[PDB]
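Visitor: Quick one: the structure is below, and I'll ask about it shortly.
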Amino acid sequence: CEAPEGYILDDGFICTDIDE
């Protein structure tokens, strides 16, 4: 999964984190 504009996880990202 990818993180779009506004989306950003410091862990490295996986799939959905801030807008779950």
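Numbering starts fresh at 1 for the residues of each chain in the structure tokens, the chains themselves are lettered A, B, ... in the order given, and ligands are numbered from 1 as they appear.
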Using only C-alpha atoms, which residues sit within 8 Å of residue A:2 once same-chain residues fewer than 6 positions away are excluded, as number ranges by chain?
Guide: A: 13-15
Visitor: Can you tell me, as a PDB file with N, CA and C atoms, in the first residue's frame, what residues are no more than 9 Å from residue A:18 when counting only C-alpha atoms, ignoring any on the same chain fewer than 2 positions away?
Guide:
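In the end it all went to result.pdb:
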```pdb
ATOM      1  N   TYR A   7      -0.956  12.010   3.889  1.00  0.00           N
ATOM      2  CA  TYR A   7      -0.598  10.706   4.534  1.00  0.00           C
ATOM      3  C   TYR A   7       0.925  10.629   4.762  1.00  0.00           C
ATOM      4  N   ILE A   8       1.343  10.211   5.947  1.00  0.00           N
ATOM      5  CA  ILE A   8       2.822  10.093   6.258  1.00  0.00           C
ATOM      6  C   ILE A   8       3.054   9.357   7.602  1.00  0.00           C
ATOM      7  N   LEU A   9       3.620   8.155   7.540  1.00  0.00           N
ATOM      8  CA  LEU A   9       3.934   7.377   8.789  1.00  0.00           C
ATOM      9  C   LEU A   9       5.462   7.239   8.940  1.00  0.00           C
ATOM     10  N   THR A  16      -2.678   2.077   5.173  1.00  0.00           N
ATOM     11  CA  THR A  16      -3.712   2.804   6.024  1.00  0.00           C
ATOM     12  C   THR A  16      -3.173   2.982   7.459  1.00  0.00           C
ATOM     13  N   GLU A  20      -7.932   5.690   9.019  1.00  0.00           N
ATOM     14  CA  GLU A  20      -8.402   4.262   9.165  1.00  0.00           C
ATOM     15  C   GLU A  20      -9.875   4.224   9.454  1.00  0.00           C
TER      16      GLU A  20
END
```
